[PDB]
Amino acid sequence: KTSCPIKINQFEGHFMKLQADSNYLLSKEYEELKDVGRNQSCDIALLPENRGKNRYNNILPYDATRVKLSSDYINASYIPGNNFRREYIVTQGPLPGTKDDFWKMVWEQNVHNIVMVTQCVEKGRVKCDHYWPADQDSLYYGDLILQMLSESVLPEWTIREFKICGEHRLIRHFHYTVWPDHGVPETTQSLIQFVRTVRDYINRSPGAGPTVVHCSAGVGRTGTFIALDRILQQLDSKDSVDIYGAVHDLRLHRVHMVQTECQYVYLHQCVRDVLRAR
C-alpha cells in the first residue's frame, strides 16, 4: 500500500469513518505508514566526524536521499512534491556549528525560499539556532555574506528577505511562529493561509532550486507543512485528495515525516475545512 485517493465528494464521510470509535480507523491508517522507508540506512550521518552535526542522534537522513554539500555531510534530505522530485530540501534546525553548512547548502542548491515552522526556543527548550542576523547588520557565514533587507512581522508569521554574496541572490524566509513542537497549530485556517502564501511566492520564483523547509528535527512540522502544500494543490487541481499517499511518499524520503497522529488528523481537518468552506 501506497496512495489512498479520495474523491472530493466522499471526503467528509470518509473522514467521519476514520474518526468513528475514538479515531479507530485513522489510528489503523496512520499505523500502515509506520514501516514505510524503514529498509534504509543512515551510515553517513553516523560517521564519527558527523556526530556533532546532528541535532538529535536518532533523527538522521537516509544515505539514499540526503543532501550533499560540494565534509559533504548536512542533516538534510531531498523530498518530492506534487510537481517534481527535488521539490523540497528538508532539514533540521541549524545548530550553532552547522549554520555555515546550511547557508552553503542554500547557496549551492540555488534555493530562493526557506520555510521555518519552529521557534528557536519554545518555553525554554532549544529547538533551532537563530541562524540568520538579528537585524539589518551584515554577517559572514563561512564564505558567504548575508544582509537582512526586510522583516515583516505578522501575528502568525514573519517574512524576511536576505541578500547573499557568494563565490546577488534574494532569499525569502517564511517563519511561522505559532506551531508547538510535536503538536498542531490552534487552527486549520492559520496554516492553510501560510501555505497558500508560501506556494504563491514559490510559484513566482522562476529558476529557483528546491524550497527549504525546516523545523527542529525536520520531520514532524516540516512533514505536515509539505503534506499540506501538496494536498492543497491537489484540491485546486484534481478530483481527488491523497493524504495517505503524500505522507507515504514523504516517509520514503526521510524518517518520521508527519511525526504524530494528531498531525495526521490535522491534515484531514484542513482538507475538510477547505471543502466545507467551498
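In this text, rigid core is short for the largest set of C-alphas that superpose within 1.5 Å between two forms. Throughout, we count residues from 1 along the sequence that is shown.
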| said: Comparing against the shown form in 8 other deposited structures of this protein, which stretch has the larger RMS C-alpha deviation after a rigid core superposition, 236-244 or 58-66? | reply: 236-244
| task | Consider 158-166 and 174-182 separately and indicate which one has Cα atoms farther, on average, from the shown form in 8 other deposited structures of this protein after rigid core alignment. | result | 174-182
| task | Please count the deposited residues lying between residue 57 and residue 58 that the model leaves without coordinates, and give the class: none, 1 to 3, 4 to 9, or 10 or more. | result | none
| message | Can you tell me how many deposited residues have no coordinates between residue 135 and residue 136? The categories are none, 1 to 3, 4 to 9, and 10 or more. | response | none
| message | Comparing average C-alpha B factors as deposited, tell me which of 242-250 and 209-217 sits higher. | response | 242-250
| remark: Once average C-alpha B-factors are taken from the entry for 100-108 and 152-160, the winner is 152-160
| query | Out of 224, 40, 234, 65, which shows the largest CA B-factor listed in the entry? | reply | 234
| request: Report the third (lowest, middle or highest) to which the CA temperature factor of residue 165 belongs, ranking only the modelled residues of the same chain. | output: highest
| task | Place residue 53 in the lowest, middle or highest third of its chain's C-alpha B-factors, as listed in the PDB entry. | result | lowest
| According to the PDB entry, is the CA B factor of residue 189 in the bottom, middle or top third of its chain, that is, lowest, middle or highest? | highest
| query | For residue 228, does the deposited CA B-factor place it in the lowest, middle or highest third of the chain? | reply | middle
| said: Test of reading the entry: by CA B factor among the chain's modelled residues, which third contains residue 119? | reply: lowest
